[PDB]
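Colleague: Need the 3D shape of this:
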Amino acid sequence: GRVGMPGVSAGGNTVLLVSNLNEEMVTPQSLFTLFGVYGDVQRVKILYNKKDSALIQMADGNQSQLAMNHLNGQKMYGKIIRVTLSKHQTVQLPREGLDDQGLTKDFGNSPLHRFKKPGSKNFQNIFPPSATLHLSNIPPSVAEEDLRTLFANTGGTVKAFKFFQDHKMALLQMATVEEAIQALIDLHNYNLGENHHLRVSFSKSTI
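Modeller: Numbers count the residues shown, from 1 in each chain. You can find the structure just below:
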C-alpha cells in the first residue's frame, strides 16, 4: 500500500470547485486535461444555474490544493478561472457516466492521459508549466500540415514541433508559458488518429 493516514491535505472530499469560467473551453476535455495535468483526476462536471461554475473531482491529497492555488487566477485563456476546494457532497453518476443529461463527465477513464503517483516520469506529483510541450502521439493523419492549423489557434505563434523517427512521439514549443499550458491543453485531445493523443505535457528540454 501507499496510503492509510487518518487524513490528507484537503480532507477526503475528492472534489474541486471552479468559477469565473469562459464557457468556451471549460466543458470539453480541455478542463479535464487542465486538472489532469496539474494532478490526478477522478471526474468532471459543469454548471450554469443562475451562475457560471464547474466542478472537478481529484485525489485531494497533494495536487488539488496546488492546482487550486495556481489555477485560481492564471488568466491563461481570458478569464480569472477562479478555483477553490468544494464545500458540498460528491457527485454520484449512477448512469453510464453522463447522468443521462451531459452536465456531468465521469471521464475518469483517462482516455487521453496516463498519469501516475511519484516514482517514475515524475517526482513532484504535479507538473509545473513551461513554454515547452512534450508528448506521445504523432498519427499519419495529423502532422505539421494540420498541427499548423491547431497551433495557429492555440494562443502563440510557434509550437515548434520536433518528432522521433523510430517511434510515435514528439515535442512542441509555444512562444510563452501561458499559451504553452493553454496550447497543450487545447490540443491535448486534438489529433484524430490511431494514437488518439496518448498525452502532451511539459518538459525541462527545449526546441
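Colleague: and the protein, what are its domains?
Modeller: 1-108, 120-207 (curated CATH domains).
Colleague: For residue 114, find the nearest of the ones you listed.
Modeller: domain 120-207 (5.9 Å; Cβ to Cβ). In this view, the C-beta of every residue, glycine as well, is placed from N, C-alpha and C.
Colleague: From start to finish, how long is that closest one in a straight line?
Modeller: 24 Å (Cα to Cα, to the nearest Å).
Colleague: and the most centrally placed residue in the chain, what element?
Modeller: Residue closest to the average C-alpha location in the chain (Cα atoms, centre = their mean): residue 33, at 1.7 Å. Secondary structure assignment for residue 33, by DSSP states H and E: helix 29-37.
Colleague: quick revisit: including distance to residue 114, could the domains of the chain go into a markdown table?
Modeller: Listed next are the domains of the chain as a markdown table, based on distance: least, Cβ to Cβ, whole Å:
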| stretch | distance to residue 114 |
| --- | --- |
| domain 1-108 | 10 |
| domain 120-207 | 6 |
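Colleague: which outside residues touch the helix or strand where residue 185 lies?
Modeller: Here residue 185 sits within helix 177-187, counting by DSSP H and E. If you take Cβ atoms under 8 Å, 6 or more residues apart in numbering as the criterion, helix 177-187 is touched by 25, 30, 33-34, 37, 74-77, 129-133, 135, 147, 150-151, 153-156, 159, 172-174, 197, 200-202.
Colleague: Could you pick out which of those are located in strands?
Modeller: 132-133, 135, 172-173, 200-201 (DSSP state E).
Colleague: Are any of the contacts of helix 177-187 buried, and if so which?
Modeller: 25, 30, 33-34, 37, 74, 76-77, 129-133, 135, 147, 150-151, 154-156, 159, 172-174, 197, 200-202 (16 or more other Cβ atoms under 10 Å).
Colleague: Who are the packing partners of the helix holding residue 33?
Modeller: Judged by 3 or more Cβ pairs under 8 Å, 6 or more residues apart in numbering; DSSP states H and E, the packing partners of helix 29-37 are strand 41-47, strand 53-58, helix 64-71, helix 177-187.
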